[PDB]
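Participant: Could you work out the structure for the sequence below:
(chains A, B and C)
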Amino acid sequence: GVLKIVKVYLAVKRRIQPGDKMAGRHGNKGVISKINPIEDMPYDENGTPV
Amino acid sequence: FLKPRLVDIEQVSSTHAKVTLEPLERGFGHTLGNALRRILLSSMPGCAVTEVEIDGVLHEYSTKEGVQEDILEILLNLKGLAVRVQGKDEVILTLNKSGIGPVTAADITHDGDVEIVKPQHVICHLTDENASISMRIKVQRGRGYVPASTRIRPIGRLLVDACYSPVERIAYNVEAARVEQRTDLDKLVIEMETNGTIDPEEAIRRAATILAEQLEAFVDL
Amino acid sequence: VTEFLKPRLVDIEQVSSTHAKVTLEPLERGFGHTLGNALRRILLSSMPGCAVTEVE
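Facilitator: Residues are numbered from 1 along each chain as shown, chains lettered A, B, ... in the order given. Take a look at the structure below.
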């Protein structure tokens, strides 16, 4: 009882967002709270922000 | 008080230089260095690519024969190229390549004003003998980072996330100066890292204008 | 590209003359911290003022 079936494949590019569940390999899991601008990041003497 | 000046600009490498400001007193050194670093990393007018059209690629996720990698990796490599323009705020770059060989940025049919500062930046590798890729790269100036999902037509147009940020690593050091006769004077050296699209002197001078204008809320120029 | 959202004073709550609370609404992203820290250091570490230094 069907005529024809149309399958449409949608590719979603989900960027990292506040709330996305990010977790390391050692059981440390956390939700991203804020996407802090790079100028606000702690930088070492070399200037590379973490 | 004392006025910092462009005492020296040590262009140590093609990408990153070492600018020096000489006259500064207690606090000024660190304050001015941190303010300049934040202004540079926050809002510096870059000229990153923002829109790409391929000759025969329908969408971002398809693949044309003869190319080493996906079109998505081609777009991400395109985002990485450092390009600076002089006159036009908007410019369209046409890339036509044929035959086996990596498609570096050097083969881009540049206009009179637009020029690639890193011609060695590879975009894609052509593999088949009769493999040709023809892309129309749309490059426009801008400030900060704006993704393609938060902006504003044909199905064949591909959107690449904009990365208008010439600077990538700004490090400043505050150390004592070598004035003729005085103490408590420090020199500020900024180890700014750029992709090559901005002159460190004009970048520093622009950052100060942005800070001075923001300061103008409480100070008459 | 050089245009910026220059702040405009919106309401400066005038507490007694020994205290004040100045605020700006528009400004720019990341520029609030820059201006705040710059002003704080610039007026907290170096200002022309007169105070006692030595008593006998």
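Participant: quick one: secondary structure of residue C:41?
Facilitator: Going by DSSP: H, G, I helix; E, B strand; the rest coil, the secondary structure assigned to residue C:41 is helix.
Participant: Roughly how far does it sit from residue B:10?
Facilitator: Going from residue C:41 to residue B:10 by Cβ to Cβ, to the nearest Å gives 27 Å. C-betas here are computed from N, CA, C, even on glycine.
Participant: neighbour count winner among these two?
Facilitator: residue C:41 (18 against 12; other Cβ atoms under 10 Å in any protein chain shown).
Participant: hang on, that one packs against residue B:29?
Facilitator: No: between residue C:41 and residue B:29 there is no contact under Cβ atoms under 8 Å: 10.2 Å.
Participant: where does the closest residue to residue B:63 other than its chain neighbours sit relative to residue B:64, distance-wise?
Facilitator: Leaving aside its chain neighbours, residue B:63 sits nearest to residue B:70 (5.5 Å; criterion: Cβ to Cβ, 6 or more residues apart in numbering or on different chains). From residue B:70 across to residue B:64, the span is 10 Å (Cβ to Cβ).
Participant: and the residue nearest to residue B:63, how far is that from residue B:58?
Facilitator: Residue B:70 is 13 Å from residue B:58, by Cβ to Cβ.
Participant: which of these two has more neighbours?
Facilitator: residue B:70 (16 against 12).
Participant: the helices in chain C, which residues?
Facilitator: C:31-44 (DSSP state H).
Participant: Where does residue B:76 fall, secondary structure wise?
Facilitator: helix B:71-80 (DSSP states H and E).
Participant: wait, I meant residue B:204
Facilitator: Using DSSP H and E, residue B:204 maps to helix B:200-215.
Participant: Is chain A within reach of that helix?
Facilitator: No: Helix B:200-215 is not in contact with chain A by Cβ under 8 Å from any Cβ of the partner chain; minimum separation 11.4 Å.
Participant: Tell me how far the closest residue to chain A within chain C lies from residue A:37.
Facilitator: Nearest to chain A, among the residues of chain C, is residue C:30, at 4.8 Å (Cβ to the nearest Cβ). Counting by Cβ to Cβ, the gap from residue C:30 to residue A:37 is 5 Å.
Participant: between the two, who's got more neighbours?
Facilitator: More crowded of residue C:30 and residue A:37, by other Cβ under 10 Å: residue C:30, with 19 against 16.
Participant: excluding its backbone neighbours, what's nearest the more buried one?
Facilitator: residue B:42 (4.4 Å).
Participant: Spit out the contact partners of that neighbour.
Facilitator: A:37, A:39, B:144, C:28-31, C:34 (Cβ atoms under 8 Å, 6 or more residues apart in numbering or on different chains).
Participant: Residue C:26 now?
Facilitator: Residue C:26 sits in contact with C:5-8, where contact means Cβ under 8 Å, 6+ apart.
Participant: make it 10 Å
Facilitator: B:217, C:4-8, C:10 (Cβ atoms under 10 Å, 6 or more residues apart in numbering or on different chains).
Participant: closest point of chain C to chain B, which residue?
Facilitator: residue C:45 (3.5 Å).
Participant: Give me the neighbour count for the closest residue to that residue other than its chain neighbours.
Facilitator: Nearest-residue entry for residue C:45: residue B:27, 3.5 Å, with adjacent residues in sequence omitted and distances by Cβ to Cβ, 6+ apart. Residues lying near residue B:27 (other Cβ under 10 Å) number 17.
Participant: Quick test: name the residue nearest the centre of the chain.
Facilitator: Went with chain A since none was named. In chain A, the C-alpha nearest the mean C-alpha coordinate belongs to residue A:16, at 2.2 Å (Cα atoms, centre = their mean).
Participant: Sorry, I should have been clearer: chain B.
Facilitator: Note: chain B centre (Cα atoms, centre = their mean) maps to residue B:166, 2.3 Å.
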